[PDB]
Every structure is written in structure tokens, then in C-alpha cells.
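J.: give me the fold of what follows.
(2 chains)
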Amino acid sequence: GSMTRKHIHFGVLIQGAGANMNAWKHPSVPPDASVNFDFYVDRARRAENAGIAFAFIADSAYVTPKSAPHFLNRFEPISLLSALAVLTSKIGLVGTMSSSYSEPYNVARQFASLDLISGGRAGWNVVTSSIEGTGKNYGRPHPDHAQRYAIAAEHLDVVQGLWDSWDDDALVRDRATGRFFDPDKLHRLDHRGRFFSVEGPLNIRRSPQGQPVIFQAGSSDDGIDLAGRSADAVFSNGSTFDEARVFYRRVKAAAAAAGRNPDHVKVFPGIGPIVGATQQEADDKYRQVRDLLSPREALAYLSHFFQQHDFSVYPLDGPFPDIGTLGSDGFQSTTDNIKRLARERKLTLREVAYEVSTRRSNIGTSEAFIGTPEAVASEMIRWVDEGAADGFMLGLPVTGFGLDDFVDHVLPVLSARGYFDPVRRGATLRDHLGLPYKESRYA
Amino acid sequence: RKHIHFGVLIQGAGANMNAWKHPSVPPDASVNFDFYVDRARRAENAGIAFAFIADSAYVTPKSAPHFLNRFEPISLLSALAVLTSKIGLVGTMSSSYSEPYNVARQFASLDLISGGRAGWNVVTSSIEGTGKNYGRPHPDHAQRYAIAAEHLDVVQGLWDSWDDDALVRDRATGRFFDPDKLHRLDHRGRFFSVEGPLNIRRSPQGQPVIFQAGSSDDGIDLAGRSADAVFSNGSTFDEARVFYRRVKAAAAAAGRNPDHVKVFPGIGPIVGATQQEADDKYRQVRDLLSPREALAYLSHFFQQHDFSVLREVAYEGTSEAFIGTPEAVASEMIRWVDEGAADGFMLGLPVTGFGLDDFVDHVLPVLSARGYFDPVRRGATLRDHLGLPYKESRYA
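T.: Numbers count the residues shown, from 1 in each chain, chains lettered A, B, ... in the order given. Provided below are the atomic coordinates:
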């Protein structure tokens, strides 16, 4: 009965086995979850049946023998989302694609086709920066980072221009006269910019939501500004509450400065809640998640910060050793953080290794989102009440039990408190998110 | 005794540019997903080995109805995959206007989702003006074939990134993969530079099946060296046969088994119970284009001259030989296979509704009765359906 009760929007990041890099080891998922199509269908349906607004498929296009399991082998988003569309009915279908390594005409067509097949449920997560090295797969081994935002802005402008090629009513298909379309309702783009030259028109029409929804995750000054000028929904990962609140305020002001209505720029911080009936049960699940990293893996990553020091020689459950003499390869501030922690808390080597590891391996998991359904719901409500979120991007450490727990135990508590409507009516992704139908620039 | 393979081109409403007017299809067929599902399943239930989605990426006010508005192939094929089970899934994508790493990922993903049913139709030249949508208003002219060859080499190299047994995912030890079973490409050529590895594994058929449609000397050479199946464009049996022999000769010269390069002429059969009924159906389809329209299109070629003051010229494979009774049309198809013009056929039906219904219900059963078509697709992969072996990795 809070005076500020409102529906909290949710999306779910389906990162194969889980947001935790070692989630493939957890028994609640199949080991090949990341490239197991039926697993994605099960998880998308689980989310859809709970009233989660969209499924989000993040992406990468670069591999090394050190890449995390999900980055070593994953589905490609247009193909995956198009297959999922046809086995679902309401849930949004949001896919990552890079501005630097895609032709805008192809992006426009592939996302427009997903949008039409799905009945207006497509979203495009516009990625401005890619993993370092990605350019090596596209004949551009040294990208000019300084231009990555200018490139992305123009690329997006081209895609959206192409999406307005065909007025909603252009395709007349008059069998009496033989007139298939009204020529004055088809538009050329004639884009000639610094980075792209694209004449158009596009060869596919607009969807029941007008155009696909634009997601972005810029965090730099330029990133936030691009989001304010061009995103419908903005996400993050790893933020504390105070950080998220600053981010929320900056994105909304950036929207207002661009002459847009900030009410229609949704902010969705990433979180990875872990719930149990008691704090003890939540904590046990969190320990399970922690132990997905073996002791050796925890130590190998500590070794990284101390010039490849071999920490395997020390007893795991003995005190963290006096390694103060050891240097670091430019991570001296991190090694200082590690040593301060070890000294201020009487930590063992195991506790230090996992502190470092577990924190970094689950960046959207903080202790405020670990506990009982009521406590975890209360924290989500707090983030929304206090202006850090309009909704959340769920990045669950393990996609199996993580999502099951969340949908079975958290959502019903939120619903009971007036902060989640599981049966929001709406054909389209825009409808779910409370965004207005996207009219053509030529309407 | 000698199984004839079939693919079906699903060109929305039909191969006839005015197919949208025909009552056996919905007016919006070309962008009606449920209609593509219905047609794909109709073909699949009949034992047709693959659905083929052709493509374009340039539009003008004068473009044909299907070219004005169509689905994109990766998205369409991936949606069709999960509503079908056996049928092959073949999509056009251009070598000139796509990044090979993206092509590799998109087709490998389709391949994996579909259980090994993907095919890629590699198009070397696109429709004139396509380059204006990709910042290259006057593209490669001579070097389209060299770009296509290197692009394909990159994609196939990328598809062998992951040995079939590399992803051990051993929960007892925590070893996710064998690092010696993952390969970099490190391709540095004239047109492309791509390091690899790809971030997706190989499918149950190894790699997607490669289709090509080259007709020039360079086209034929490329197909003989690198195609698994080749689409042929003959309006006549003699043309088809000259083409077929050239492709098989190019395969031998490339050191390959010519029987593993399958040649599929495009045909559009029109059947009826009698020759008269078949001819009536032909006229009906032909009449979807008004003589006024046809003579107007003709006029644009010959200096805007008014030719109203010729019919066959104006309008102009369905041959005449593929217009007739089910038995006669089956006999002609059998003749093309037995006399060395075809290993199978790509069905480009004038209207995808009645055309496919007639073909599957009346012609295929005749071919089966004569020993030229096993309607049961027993294998799982597109390679299986086409009689091709599993594609082992270059590193196997």
C-alpha cells in the first residue's frame, strides 16, 4: 500500500548457462547450455510465463584460448531470436549487434525482419565498444576508439532512416486495379555522411510497433550522451545504488537536453539476486555460486595482479601471506586494495582469493540482493522508489535455479506489494514497456 | 532406382511477378510469415529436400512486388527451422556486401539450431545499384569472383575453428574444452583479413551446404572448385545439358568427385488432367500480367516505342515440355535427369499456392511410382538428404 507503488519492468539476460563464467558446472543447467537451443526456449518461456517483458541476448565476436566458456561458444543473436520468436508469443526479443562491424542496411533488414516475424517484439542493443581485438575479425586490427561514438550515432541514424522507408499504409495490394503500393508512401533515404553512404529504400516494411526498440549501455560521458539522444532503454552492470542513482539522473537529463521526453527513456540496471526462504538458505546458494570457481582458478586470477606469483604454495586456509615485497604489472592500486582487505579483515588466502574472484565473477550480485524474497523485493522497491531504476535487467549467476527462484518467489511478493503486474496486456515490446508506438518521420 | 532431388524456391506469392493477385495465395504472401510456414511444411511433408530463400538488397519504384517487400533470409530461415524438422534451409547472402565473420556465425548458428540443415547460396554479383546501399556506388567489376572465392575460403576456414570433439565440458575435472582442438585462421589475403577463431561450433553435417549459380566461365570454375550444389538457369534442355557438362568437367579438373556436385535446373511445372486443362492454367498465370503491362515493359527496352499498333516476345522455365499432364511432366523431368541435364530440380513455381499443391499431390507420386523419387527423407541433415557425406574438418 505504498504511496509510490508502480509496476517494475523486467528483462532477462539469457547468457547461456549463466552470468557466472563457470555456470556450465552447475547441475541446474545442461553443461552445453550456451549452445543448447532447447535450453534457451525453456528459459525464454519460463520468463514469458512470469510476465517478464523481454529476453536479452548479449553478444561477442572475438575469441582467445583464455575466453570464458560462454564467449568460446554461443549462438548468434538474429538467428537465435528469430527461432525463439516463433516458439513464444509476447516476450520481447532484444539482441546485441555492433555498429562498427555491421553494414547499416543489413542491420536494418535483419532487425526489421525479426520485428515483422515476431509481431513487433524486436529490440536492438547498440554496442559502441566491442571487446579489444574484435576488429581483427573484420580487417581492422586497430580501431580508432575516438570515433566509435560518431560512427555509432551515424550508423543508428541510417538504420532508423531505413526503417521509415515504407509508410505503414503504403502496401495497398489492390487486386481490382493491380496497384500494389502507393509510390508516394515509399521513401528514399539518400544518406551521405562522414562514415556511411546509403541510398535506400529498405526492402521490408514497418512492424506493429513501428520500429524495433533501441537499447544502449554507454557509461562514459559520450556513452551517456548518445543514450540520451537516441536510446529507448538503457542498462548497466556492476553499479552500487549510489552509482545507479547518478547514472539514472544523468541519462534522464541527457534525454531532456536532447529535447526528448525522459519518461520514455527507461533505465534498467543489471542485478543478480539470490534468494532463499531464510538468509541461511540464500547464503548457502551464494556459497554454491562462489564455488563454481575452483580454488586454483581463484588463485590463478590473484596471480595476475602480483606478476604471476605462485600462490599455490601456500595453505589455502592459512593467513593471507605477507607478499608486500612483490610488485605488480600496473595494478598496484588493486594489489593495495587486496592487501588492505587482508589486513583489516583477518582473512585467509582462500577468503582473499574468492573475495577478489567472486566479486569480479558476479558484478551485479551485492549482499543487499542476497536474502529472503521479501528482503530482496524491498531492495528492488527501494531502487525504484529512490530513482535508481525504472526496471531491472536480470543477470542471474546461473540461468537454471536463478530464474526459477526469481519467478517463483520474488515476482509474487512484488505483485502482492503493488510493484509488479504479471499480466500486462500489450502485443508489442513498446506496449510492454509503456512506450508509444513509433510513428514514421513521414507520418 | 535413381532418386531425383528437389528444392523449392519460396518466392513469397510465386515466381510470377504478379503472383500476389492469384486467389490461391494471400495478397501479402511475400511478407506473411504463416504463409512461408505453410509452404515449407507442404514441401517437407512431400519429401522435398530443401526450401530455398533467394534474396535482394536494392529497391526502386519499378521493382517487382516481391522485391519491394520480403523477409531477410537468416531471420526467416531460423524461424522456419523450429517449425519444421527435416527440410533443408538454404539462404542467399552476397559475398560483396557481408563480412565473412558475420556470414560464418549467422549460417553456423542456423546450422546448429536446425540440427544440420543449413545451406548458403553464395551470390557473386548482385542486382545493379546494390552498392549504393553499402557506400560502394560503383563496386568491384572484374574482381567480384576473386572477392567471392576468398570470402568463401575465409568462411569455411572459420567453420573449422572447433574440432567436433573439442568441447569436452568435463565437470569431474573442470576442463571446459581442449585448447589443442581450437584453431585460429589468421587469414591475410587481398580482400580480407580475419584472425579467428569463430565463436560457434560445427553442426551435425559439419558445415552448411554451399549452393552457387555461376554461369560465366569464372562462375563455372568457382562452382566446380567449391560448390556442393549448383542452380542452373536454362530455358531449354540443350542449354541445361551444356551447362551440366561444364560444371561436372570443372569438378573433375578441381580433383573432386563430380557426383558430389549436384546440378539443379530451375523449373516451373504447370499440370492439369489433360493438355487443355494444363494450357488453361498456363494462360491464367500468364494473364496475371496484362498485355498492356507486358507491352509497356517491352516498350521501355526499344526506345519507348508503342508496340500496340510479339505476345511471346513481350511476355518471355515452364518450357511447354513442363506444361501438361502429371505423367508427361514427370516423363520430361525423368528425361532431363537420364540424358544428363539435371541431378534434381529447383522448383520455381509461378504461383506458390496452387503450383506447389499440384506438384506435390500429382507429380511427385508419379515420379515415385516410376522409381525416380523416394518421398521419405530418412536422414537428419541437408547433406544426408542430398546424398553427400558428412563434412569432416580440414583439421580432423
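J.: count the residues that sit near the closest residue to chain B within the stretch 251-400 of chain A.
T.: The nearest approach of the stretch 251-400 of chain A to chain B comes at residue A:294, 5.6 Å away (Cβ to the nearest Cβ). C-beta here means a position set from N, CA and C on the backbone, and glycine is covered the same way. By other Cβ atoms under 10 Å in any protein chain shown, the residues close to residue A:294 number 14.
J.: residues touching it, list them.
T.: Neighbouring residues of residue A:294 by Cβ atoms under 8 Å, 6 or more residues apart in numbering or on different chains: residue B:174.
J.: give me that answer again for 10 Å
T.: Shown in contact with residue A:294 (Cβ atoms under 10 Å, 6 or more residues apart in numbering or on different chains): A:22, A:25, A:300, A:357, B:173-174.
J.: may I have the phi/psi pair for it?
T.: In terms of degrees, to the nearest 10, the main-chain angles of residue A:294 are phi -70, psi 160.
J.: likewise for residue A:330?
T.: phi 80, psi 10.
J.: same question, residue A:233
T.: phi -150, psi 140.
J.: who's it bridged to?
T.: Beta bridges link residue A:233 to residue A:215, residue A:266, judged by DSSP bridges.
J.: just give me the neighbour total for it.
T.: 30.
J.: so how far is the helix or strand hosting residue A:42 from its chain's centroid?
T.: Using DSSP states H and E, residue A:42 falls within helix A:37-49. Computed by Cα atoms, centre = their mean, to the nearest Å, the chain-centroid distance of helix A:37-49 equals 17 Å.
J.: what residues are up against residue A:54?
T.: So residue A:54 contacts A:9-13, A:44, A:47-48, A:90-94, A:121-123, A:213, A:215, A:233, A:268, A:391, A:393, A:429, A:432-433 (Cβ under 10 Å, 6+ apart).
J.: follow-up on the earlier one: and the helix or strand following the helix holding residue A:42, how far out from the chain middle?
T.: Sequence order places strand A:54-57 as the next helix or strand after helix A:37-49, per DSSP H and E. Its chain's average C-alpha position is 8 Å from that of strand A:54-57, according to Cα atoms, centre = their mean.
J.: again with stretch A:173-193
T.: Worked out by Cα atoms, centre = their mean, stretch A:173-193 lies 37 Å from the chain centre.
J.: for it, buried residues please.
T.: For stretch A:173-193, a neighbour-count test (16 or more other Cβ atoms under 10 Å in any protein chain shown) marks A:180-181, A:185-187, A:189, A:191 as buried.
J.: now the strands for the stretch 101-250 of chain A?
T.: A:122-127, A:191-192, A:197-198, A:213-216, A:233-236 (DSSP state E, counting those that start in this stretch).
J.: surely residue A:242 meets residue A:388?
T.: Yes: under the criterion of Cβ atoms under 10 Å, residue A:242 is in contact with residue A:388, at a separation of 8.4 Å.
J.: these two - which one has more neighbours?
T.: Counted by other Cβ under 10 Å, residue A:242 and residue A:388 do not tie: residue A:388 has more neighbours, with 24 against 9.
J.: my guess is the more buried one meets residue A:239, correct?
T.: Yes: with contact defined as Cβ under 10 Å, residue A:388 counts as touching residue A:239 (8.0 Å).
J.: intersection of neighbour lists for these two?
T.: Joint contacts of residue A:388 and residue A:239 (Cβ under 10 Å, 6+ apart) are A:245-248, A:269.
J.: looking at neighbours, which among those is most surrounded?
T.: Ranking these using other Cβ under 10 Å puts residue A:269 first, with 26 neighbours.
J.: help me confirm that that residue is found in a helix?
T.: No: using DSSP: H, G, I helix; E, B strand; the rest coil, the secondary structure at residue A:269 is strand, not a helix.
J.: would you confirm that it contacts residue A:246?
T.: No: when contacts are counted by Cβ under 10 Å, residue A:269 is not listed as touching residue A:246 (11.4 Å).
J.: which SS class is residue A:100?
T.: coil.
J.: neighbours of it, how many?
T.: Neighbours of residue A:100 (other Cβ under 10 Å): 20.
J.: quick check: it touching residue A:143?
T.: Yes: with contact defined as Cβ under 10 Å, residue A:100 counts as touching residue A:143 (6.5 Å).
J.: off-centre distance for stretch A:375-395?
T.: 16 Å.
J.: same check, this time on stretch A:27-43
T.: The answer for stretch A:27-43 is 18 Å, by Cα atoms, centre = their mean.
J.: does it come close to chain B?
T.: Yes: Stretch A:27-43 is in contact with chain B by Cβ under 10 Å from any Cβ of the partner chain, via A:27, A:30-38, A:40-41.
J.: can you put those in JSON lines and add neighbour count?
T.: Shown next, in JSON lines, are the residues of stretch A:27-43 next to chain B (neighbours: other Cβ atoms under 10 Å in any protein chain shown):
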{"residue": "A:27", "neighbour count": "11"}
{"residue": "A:30", "neighbour count": "16"}
{"residue": "A:31", "neighbour count": "18"}
{"residue": "A:32", "neighbour count": "16"}
{"residue": "A:33", "neighbour count": "27"}
{"residue": "A:34", "neighbour count": "28"}
{"residue": "A:35", "neighbour count": "22"}
{"residue": "A:36", "neighbour count": "17"}
{"residue": "A:37", "neighbour count": "20"}
{"residue": "A:38", "neighbour count": "12"}
{"residue": "A:40", "neighbour count": "24"}
{"residue": "A:41", "neighbour count": "15"}
